[PDB]
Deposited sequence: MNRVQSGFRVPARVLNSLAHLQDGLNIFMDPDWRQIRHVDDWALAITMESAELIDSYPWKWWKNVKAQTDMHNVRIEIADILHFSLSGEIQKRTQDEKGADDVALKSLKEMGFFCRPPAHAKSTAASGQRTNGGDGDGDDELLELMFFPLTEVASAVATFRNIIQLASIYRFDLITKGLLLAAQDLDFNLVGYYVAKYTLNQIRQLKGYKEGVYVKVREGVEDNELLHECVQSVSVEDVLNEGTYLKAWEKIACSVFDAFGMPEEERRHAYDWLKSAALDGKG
């Protein structure tokens, strides 16, 4: 996943954040993001049957898991931006604090697959809670993208689709969104070079799909275009 792409993603988030409160980056604090990443991580974990003593038989909600990975991605990028000392990660590692199932370089040994299995997920997403602990949003974004790759979940497709809907809502939905992501590939939306062509294809599939008359779009694609930096 090319850095260029990672940067672009954050731009869009900044757009999203701006609409809700245009002074987010002054008012808002690095510690809020870390909080929100901690809660939605918990939220994700609660979709799995981790409680040894409660409905032990419960089937996992891998759908909700996917939509939670994205919910977290929003807060992560928001903290990434906002964060604009290092040997503090490896320090926690030797302290053996980060954890593992009882059975980028630097962040792979904290992720545990397949995410479809409970212990592997619990491990993984507690380790996001910890990366957050110490404000490492950048690795939580890279981690979230891994989670999704393991889950065969086209996360940045879905993030752009969902971004473009928010655009409409200023000027079952989920089912339509996932359908727009299809018109465009996984390899495509990440491939440095073609990616901004491909994100524009998704955007445009959303607008059509929802019914943004061609005529009200004169500026819809603007920030998206500016997201190339």
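Taking the first deposited residue as 1, the stretches without any C-alpha atom are 1-9, 94-100, 120-138, 207-221, 280-283.
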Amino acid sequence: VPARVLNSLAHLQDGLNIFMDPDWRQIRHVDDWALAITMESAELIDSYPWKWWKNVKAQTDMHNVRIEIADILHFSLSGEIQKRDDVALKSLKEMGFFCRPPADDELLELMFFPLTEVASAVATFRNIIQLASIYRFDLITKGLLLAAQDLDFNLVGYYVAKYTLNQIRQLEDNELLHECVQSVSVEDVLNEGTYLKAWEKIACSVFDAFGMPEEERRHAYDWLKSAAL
From here on, numbers count along this sequence of modelled residues.
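Between the stretches 130-138 and 89-97, it is 89-97 that shows the larger average CA temperature factor. The PDB entry reports B-factors from which the mean C-alpha value can be compared for 118-126 and 105-113; the larger average falls on 105-113.
Across 202, 56, 35, 171, the greatest Cα temperature factor reported in the deposited entry is at 171.
Residue-level temperature factors show residue 66 in the middle third of its chain, judged at the C-alpha atom.
Sort the modelled residues of the chain by CA B factor and residue 160 lands in the lowest third. The entry lists a Cα temperature factor for residue 229 that places it in the highest third of the chain's modelled residues. Looking at the C-alpha B-factors along this chain, the one for residue 218 belongs to the middle third.
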